[PDB]
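> Below is the sequence, then the experimental coordinates.
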Amino acid sequence: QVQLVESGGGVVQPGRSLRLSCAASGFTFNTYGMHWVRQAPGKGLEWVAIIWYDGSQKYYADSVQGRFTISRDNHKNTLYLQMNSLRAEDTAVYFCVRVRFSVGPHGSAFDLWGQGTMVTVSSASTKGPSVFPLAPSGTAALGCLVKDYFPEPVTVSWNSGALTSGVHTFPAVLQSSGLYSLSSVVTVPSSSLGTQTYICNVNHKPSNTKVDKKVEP
Amino acid sequence: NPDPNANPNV
Amino acid sequence: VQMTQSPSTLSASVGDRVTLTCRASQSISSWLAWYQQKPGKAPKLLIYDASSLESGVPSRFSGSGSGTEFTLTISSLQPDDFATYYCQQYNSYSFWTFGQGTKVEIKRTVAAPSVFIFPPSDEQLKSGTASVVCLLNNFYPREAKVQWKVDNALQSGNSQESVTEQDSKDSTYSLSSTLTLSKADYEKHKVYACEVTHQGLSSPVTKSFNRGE
């Protein structure tokens, strides 16, 4: 159907380059102006760059002028963003965006957006988490602290998945070290502390780190 | 001084 | 052109008429668009040219205004309309700038947090750092103040918080605050307290432990 599919995102060191791609299908891509728009973690939307339908004009946000170049392949129906001199501040989801068609002298709103591709810029080294119990002392709370890992994501389950009700796995916070940290918690009937065993299963695929930690009172 | 907001479509 | 949205959050129920406000720092005529975005997903255009309903968008969405003052109205909130809404200008010689969003969250009755405190684990202590975590569980509304006290000394700059998204079953939030100290600094003091102020609590609640006890 009518879609935009971005790719090319990943984790990259500062100073390096990365090329994003956006494959368009279902419409006459070579008649549309196209944009890149980005969204930093927890933030709002920020325009990045525009390219005319025929590549004849291009404009760029202050923060990317001289570093990024937008281009298009009107035979393969693909949009590109060449990102050079990457810096931590470029960490964001990047969306390719189609402008609503208009007649006349003026451009229009953004009527079609891709799913986005995530660029993370960091000098941190890949590293699995340390996993520590959050020990429980008529409802009891317990959990696992998942500390000092890079890059995102980790996945946390409880009892191999047999425990889902009452579980809250918090969004990661990025520490000043450049490493992430999160906690997963669950509330359980305090009478079940002795009777049931509680194990958190942390998996960090970037580092092939898998930890199963038993949390006891 | 071209308007970046001008129509970018065919 | 800077776009300013208000309110930054509102609480509403299914069936409610909701109206969001967008202001431009200078006139943008009618070159104004509204978008909906849900967590982890891309924005979807709702309204363009300030009052034109985008193709295929439900008719409960409408937009009004021109110049510097704009509104978006949902005539009757549906269960899938809880999201963040952005306005955006595309005025001549003005590039493209977005407001910071208005989050439409689910209203429910007040729910005071359950508060738990977790001392550093012995395993982490051997590594030279102490993480102390305060957990606020299943509360509403999201506004909460969490203060770390160490031997009655208010802490600043050494903690971080994380909040969940509104729970799909009970429409509550949960929050963690983690105080991070070196092993050496931890052992310098005895009393560690988390103090929680929330409108569901008549007085602030303090949960504490004595180091080692």
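Nice, I can see it. Numbering: from 1, shown residues only, chains lettered A, B, ... in the order given.
> Nearest the middle, which residue of chain A would you pick?
Centrality entry for chain A: nearest residue to the mean C-alpha point is residue A:118, 4.4 Å, by Cα atoms, centre = their mean.
> Tell me the spacing between that residue and residue C:41.
To residue C:41, residue A:118 is 13 Å away according to Cβ to Cβ, to the nearest Å. Placement of C-beta: from N, CA and C, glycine included.
> Over to residue C:108?
Taking Cβ to Cβ, one finds residue C:108 at 23 Å from residue C:41.
> between the two, which one's more packed in?
When residue C:108 and residue C:41 are compared for neighbours, residue C:108 comes out ahead with 15 against 12, by other Cβ atoms under 10 Å in any protein chain shown.
> residues in contact with that one?
By Cβ atoms under 8 Å, 6 or more residues apart in numbering or on different chains, residue C:108 lies in contact with C:140, C:170-172.
> so what are the domain limits for chain A?
Here the domain parsing of chain A from automatic domain parsing is A:3-121, A:130-215.
> out of those domains, which comes closest to residue C:94?
Taking Cβ to Cβ, domain A:3-121 is the member of the domains of chain A nearest to residue C:94, at 10.7 Å.
> just how off-centre is stretch A:65-72 within its chain?
Computed by Cα atoms, centre = their mean, to the nearest Å, the separation of stretch A:65-72 from the middle of its chain amounts to 22 Å.
> Look up the closest residue to the closest residue to chain A within chain B, ignoring the ones flanking it.
Residue of chain B nearest chain A, by Cβ to the nearest Cβ: residue B:8 (2.6 Å). Of all residues not flanking residue B:8 in the chain, residue A:33 sits nearest, at 2.6 Å (Cβ to Cβ, 6 or more residues apart in numbering or on different chains).
> I'd assumed residue A:52 was in contact with that neighbour.
Yes. The criterion here is Cβ atoms under 8 Å, and residue A:33 meets it with residue A:52 at 5.7 Å.
> which residues do those two both contact?
residue B:8.
> residue contacts, residue C:48?
Applying Cβ under 8 Å, 6+ apart, the residues near residue C:48 are A:100, A:108-109, A:111, C:33, C:54.
> Need the max-distance pair from those residues.
So for the contacts of residue C:48, where distance means Cβ to Cβ, the most widely separated pair is A:108 and C:54, at 10.4 Å.
> Look at those two and report which has more neighbours.
Neighbours were tallied for residue A:108 and for residue C:54 using other Cβ under 10 Å; the higher tally belongs to residue A:108 (24 against 19).
> so the more buried one, which of the three states?
Three-state call for residue A:108 (DSSP: H, G, I helix; E, B strand; the rest coil): coil.
> separation between it and residue A:12?
33 Å.
> what does residue C:7 give?
In this view, residue C:7 and residue A:12 are 38 Å apart by Cβ to Cβ.
> neighbour count winner among these two?
Neighbours were counted for residue C:7 and for residue A:12 using other Cβ under 10 Å; residue A:12 has more, 18 against 11.
> residues in contact with that one?
By Cβ under 8 Å, 6+ apart, the residues touching residue A:12 are A:18, A:86, A:119-121.
> switch the cut-off to 6 Å
Each residue near residue A:12 by Cβ atoms under 6 Å, 6 or more residues apart in numbering or on different chains is listed here: A:18, A:86, A:121.
> Out of the residues you listed, name the ones that lie in strands.
A:18, A:121 (DSSP state E).
> which among the contacts of residue A:12 end up buried?
Those of the contacts of residue A:12 that meet the buried threshold are A:18, A:86, A:121, by 16 or more other Cβ atoms under 10 Å in any protein chain shown.
> These into JSON lines, with extra columns for distance to chain C?
Formatted as JSON lines, the buried ones among the contacts of residue A:12 follow (distance: Cβ to the nearest Cβ, whole Å):
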{"residue": "A:18", "distance to chain C": "20"}
{"residue": "A:86", "distance to chain C": "22"}
{"residue": "A:121", "distance to chain C": "20"}
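> May I see the residues you listed organised as CSV, with distance to residue C:161 added?
Output for the buried ones among the contacts of residue A:12, formatted as CSV (distance: Cβ to Cβ, whole Å):
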residue, distance to residue C:161
A:18, 31
A:86, 29
A:121, 24
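> Please work out how many residues are found near residue 10.
You didn't say which chain, so I picked chain A. 11.
> Not quite, go with chain C.
Using other Cβ under 10 Å, residue C:10 is surrounded by 16 other residues.
> Roughly how far does it sit from chain A?
Taking Cβ to the nearest Cβ, to the nearest Å as the measure, residue C:10 falls 17 Å from chain A.
> Now do the contacts for residue A:145.
Taking Cβ under 6 Å, 6+ apart as the criterion, residue A:145 is in contact with A:132, A:134, A:183, C:131.
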